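J.: My structure is stored as query.cif, with mmCIF, C-alpha atoms.
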data_work
#
loop_
_atom_site.label_atom_id
_atom_site.label_comp_id
_atom_site.auth_asym_id
_atom_site.auth_seq_id
_atom_site.Cartn_x
_atom_site.Cartn_y
_atom_site.Cartn_z
CA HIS A 1 126.46 122.21 110.59
CA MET A 2 122.71 122.68 110.47
CA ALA A 3 120.97 124.16 114.02
CA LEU A 4 121.49 121.40 116.58
CA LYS A 5 118.38 119.34 117.40
CA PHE A 6 117.64 118.33 120.98
CA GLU A 7 114.43 116.27 120.58
CA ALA A 8 113.77 113.00 118.72
CA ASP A 9 111.20 113.19 115.91
CA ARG A 10 108.84 110.17 116.09
CA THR A 11 105.22 111.36 115.91
CA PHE A 12 104.18 113.20 112.75
CA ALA A 13 100.97 115.03 111.79
CA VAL A 14 99.22 113.95 108.55
CA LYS A 15 97.51 116.97 106.97
CA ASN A 16 95.15 117.58 104.07
CA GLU A 17 95.83 120.36 101.42
CA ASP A 18 94.21 122.92 103.73
CA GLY A 19 96.67 122.00 106.51
CA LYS A 20 94.00 120.35 108.70
CA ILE A 21 95.46 117.62 110.94
CA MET A 22 93.78 114.39 109.81
CA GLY A 23 95.70 112.10 112.18
CA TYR A 24 99.22 110.92 112.99
CA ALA A 25 102.02 108.67 111.79
CA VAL A 26 104.72 107.23 114.11
CA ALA A 27 108.28 106.12 113.69
CA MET A 28 108.41 102.74 115.43
CA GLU A 29 110.59 99.60 115.16
CA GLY A 30 112.24 100.57 111.81
CA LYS A 31 109.02 101.72 110.08
CA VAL A 32 106.82 104.74 109.62
CA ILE A 33 103.30 103.55 110.46
CA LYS A 34 99.91 105.32 110.14
CA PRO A 35 96.23 104.35 109.92
CA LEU A 36 95.22 103.80 106.29
CA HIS A 37 91.97 105.79 106.72
CA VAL A 38 94.02 108.85 107.78
CA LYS A 39 94.26 110.73 104.46
CA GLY A 40 96.79 113.41 103.57
CA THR A 41 100.50 114.03 103.65
CA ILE A 42 103.20 113.95 106.42
CA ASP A 43 104.90 117.40 106.66
CA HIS A 44 108.32 115.83 106.89
CA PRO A 45 110.68 116.09 103.90
CA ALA A 46 112.02 112.53 104.20
CA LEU A 47 108.73 110.75 105.07
CA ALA A 48 106.64 112.50 102.41
CA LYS A 49 108.79 110.93 99.64
CA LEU A 50 108.32 107.34 100.82
CA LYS A 51 106.13 104.79 99.05
CA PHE A 52 103.75 103.20 101.57
CA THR A 53 102.55 99.60 101.63
CA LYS A 54 98.80 99.34 102.36
CA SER A 55 97.31 96.75 104.68
CA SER A 56 93.61 97.54 104.54
CA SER A 57 92.56 94.64 106.80
CA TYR A 58 94.37 96.28 109.77
CA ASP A 59 93.56 99.82 108.60
CA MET A 60 97.34 100.27 108.40
CA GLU A 61 99.87 101.61 105.95
CA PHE A 62 103.63 101.58 106.45
CA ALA A 63 107.10 102.14 104.95
CA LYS A 64 110.68 101.42 105.93
CA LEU A 65 112.16 104.36 107.89
CA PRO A 66 114.92 106.40 106.31
CA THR A 67 118.17 105.19 107.84
CA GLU A 68 118.87 108.47 109.70
CA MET A 69 115.48 108.22 111.45
CA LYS A 70 115.88 104.66 112.82
CA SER A 71 117.54 105.44 116.16
CA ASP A 72 114.88 107.92 117.16
CA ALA A 73 111.86 105.57 116.64
CA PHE A 74 109.57 104.24 119.40
CA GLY A 75 110.11 100.78 120.73
CA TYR A 76 107.07 98.50 120.84
CA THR A 77 106.17 96.09 123.65
CA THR A 78 103.77 93.19 123.53
CA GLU A 79 103.30 93.46 127.31
CA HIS A 80 100.02 95.13 128.20
CA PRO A 81 98.72 93.96 131.63
CA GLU A 82 95.42 95.37 132.88
CA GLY A 83 95.92 98.84 134.31
CA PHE A 84 96.46 102.32 133.03
CA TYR A 85 98.56 103.65 130.14
CA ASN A 86 99.40 107.03 128.62
CA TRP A 87 98.57 108.99 125.51
CA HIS A 88 98.74 112.61 124.41
CA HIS A 89 95.40 113.43 126.01
CA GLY A 90 95.89 111.65 129.36
CA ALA A 91 95.15 108.19 130.86
CA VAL A 92 94.13 105.18 128.81
CA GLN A 93 92.61 102.32 130.74
CA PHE A 94 93.17 98.73 129.76
CA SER A 95 90.50 96.49 131.34
CA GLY A 96 88.25 93.63 130.16
CA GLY A 97 90.39 93.34 127.03
CA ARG A 98 89.69 96.91 125.81
CA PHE A 99 91.47 100.24 125.79
CA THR A 100 89.17 103.02 126.94
CA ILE A 101 89.43 106.75 127.59
CA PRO A 102 87.12 109.44 129.03
CA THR A 103 84.81 110.56 126.29
CA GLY A 104 85.93 113.87 124.81
CA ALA A 105 89.60 113.32 125.74
CA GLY A 106 90.11 112.40 122.12
CA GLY A 107 89.18 114.33 119.02
CA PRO A 108 88.50 113.39 115.38
CA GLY A 109 92.16 114.18 114.51
CA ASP A 110 93.85 111.85 117.01
CA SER A 111 93.85 108.64 114.96
CA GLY A 112 97.35 107.16 114.66
CA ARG A 113 98.59 108.35 118.10
CA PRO A 114 100.34 105.73 120.22
CA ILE A 115 99.32 104.47 123.66
CA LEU A 116 102.47 104.09 125.81
CA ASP A 117 103.44 102.44 129.06
CA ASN A 118 105.24 104.45 131.73
CA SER A 119 108.65 103.36 130.45
CA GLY A 120 107.77 105.03 127.12
CA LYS A 121 107.22 101.88 125.05
CA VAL A 122 104.23 101.78 122.64
CA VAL A 123 101.61 99.12 123.49
CA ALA A 124 99.06 99.99 120.73
CA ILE A 125 98.21 102.46 117.98
CA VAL A 126 94.82 104.23 118.13
CA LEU A 127 92.55 103.74 115.08
CA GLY A 128 89.27 105.22 116.38
CA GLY A 129 86.85 105.25 119.31
CA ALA A 130 83.26 104.17 119.97
CA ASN A 131 81.42 106.72 122.13
CA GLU A 132 79.66 104.80 124.92
CA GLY A 133 78.72 107.86 126.98
CA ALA A 134 81.10 108.56 129.89
CA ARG A 135 83.75 106.31 128.27
CA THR A 136 84.96 105.82 124.69
CA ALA A 137 86.25 102.37 123.71
CA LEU A 138 89.21 102.56 121.35
CA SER A 139 89.79 100.54 118.22
CA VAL A 140 93.54 99.73 118.10
CA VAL A 141 96.33 97.89 116.39
CA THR A 142 98.67 95.78 118.44
CA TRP A 143 101.19 93.13 117.46
CA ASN A 144 101.85 89.79 119.18
CA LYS A 145 105.10 88.07 120.11
CA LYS A 146 105.47 86.76 116.54
CA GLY A 147 105.16 90.32 115.20
CA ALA A 148 101.68 89.58 113.78
CA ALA A 149 99.28 92.53 113.52
CA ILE A 150 95.97 92.45 115.40
CA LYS A 151 93.14 94.94 114.90
CA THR A 152 90.63 95.09 117.76
CA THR A 153 87.48 97.20 117.30
CA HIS A 154 84.44 97.87 119.56
#
If you convert what's in this file into structure tokens, what do you get?
T.:
Amino acid sequence: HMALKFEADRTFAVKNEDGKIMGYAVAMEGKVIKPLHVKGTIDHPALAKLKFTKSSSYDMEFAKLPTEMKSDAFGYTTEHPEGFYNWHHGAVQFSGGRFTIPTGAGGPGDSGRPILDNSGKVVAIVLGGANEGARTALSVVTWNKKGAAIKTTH
């Protein structure tokens, strides 16, 4: 058998030719999903071979996950009450209908990262951020109870 793995693979860097991280893709709900504007390749042997469907109106592109990758994907939840959430760089506020973070928590290369509740479900995917000074308001994709995509930008 090949070395035993002990962690689930579900967030993947997207890199240009130089190896610069341009953003992220996630495995979630049977798909690999990434922002369309995030340009480059996923350094994963199975994902890099997939043919992606573009949905430019949500700044999204996606493909069906390889079967062996399905069990390890994020779950999504439509429930996002006002409060605080989590991402790689710390707390993400949800208030007044917007996700915000402290300015400079992000970087240019963090597009495509998920925002998660405390149970570890994804509530949104980050597209970008508008710098408003102390706070940065995030542009995100969410999906409703019918599974319909929603892009919200500030």
J.: Provide the CA of residue 120 in chain A to CA of residue 81 in chain A distance in Å, to one decimal place.
T.: 15.0 Å
J.: Which polymer residues have any atom within 9 Å of an atom of residue 25 in chain A, counting all atoms listed in the file, with same-chain residues fewer than 6 positions away left out, as a PyMOL selection string?
T.: chain A and resi 10-14+32-35+38+42+111-113
J.: Give as a list in words every residue, naming chains and numbers as the document does, that has an atom within 10 Å of (87.4, 110.3, 121.9), counting only C-alpha atoms.
T.: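 With a cut-off of 10 Å, the residues come to residues 89, 100, 101, 102, 103, 104, 105, 106, 107, 108, 109, 110, 111, 128, 129, 130, 131, 132, 135, 136, 137 and 138 of chain A.
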J.: Go through A:78, A:67, A:53, A:41 one by one, measure the shortest atom-to-atom distance of each to residue 121 in chain A using only C-alpha atoms, and give the residue with the smallest value.
T.: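 Result for the nearest residue to residue 121 in chain A: A:78.
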J.: Near residue 62 in chain A, counting all atoms listed in the file, which residues have an atom at most 12 Å away, once you skip same-chain residues fewer than 3 positions from it, shown as an NGL selection string?
T.: :A and (25-36 or 47 or 50-56 or 58-59 or 65 or 112)
J.: Got a sec to check which residues sit within 12 Å of (102.9, 88.9, 122.2), counting all atoms listed in the file, and write them as a PyMOL selection string?
T.: chain A and resi 76-81+123-124+142-150
J.: Which residue out of A:92, A:73, A:60, A:2 has the minimum interatomic distance to residue 117 in chain A when only C-alpha atoms are used?
T.: A:92
J.: Counting all atoms listed in the file, which of A:39, A:98, A:49, A:20 gets nearest to residue 61 in chain A?
T.: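 Distance minimum relative to residue 61 in chain A lands on A:39.
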J.: CA of residue 63 in chain A and CA of residue 140 in chain A are how many Å apart?
T.: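 Taking CA of residue 63 in chain A as the start and CA of residue 140 in chain A as the end point, the length is 19.0 Å.
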J.: Rounded to one decimal place, report the CA of residue 15 in chain A-CA of residue 72 in chain A distance in Å.
T.: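 Pair CA of residue 15 in chain A / CA of residue 72 in chain A returns 22.1 Å.
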J.: Using all atoms listed in the file for the distances, tell me which of A:75, A:119, A:134, A:126 is nearest to residue 24 in chain A.
T.: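 Using all atoms listed in the file, the shortest distance to residue 24 in chain A belongs to A:126.
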J.: Would you kindly translate the PyMOL selection byres ((chain A and resi 86) around 10) into the concrete residues it picks from this file, as number ranges by chain?
T.: A: 84-85, 87-93, 114-118, 120, 122-123
J.: Quick one: residues within 9 Å of residue 40 in chain A, only C-alpha atoms counted, chain neighbours fewer than 6 positions away excluded, as a ChimeraX atom specification?
T.: /A:14-17,21-23
J.: Have a look at A:71, A:1, A:45, A:139 and name the one nearest to residue 97 in chain A; count all atoms listed in the file.
T.: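 Nearest to residue 97 in chain A: A:139.
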J.: Which of these, A:154, A:127, A:57, A:7, has the shortest distance to residue 141 in chain A once you count only C-alpha atoms?
T.: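 Nearest to residue 141 in chain A: A:127.
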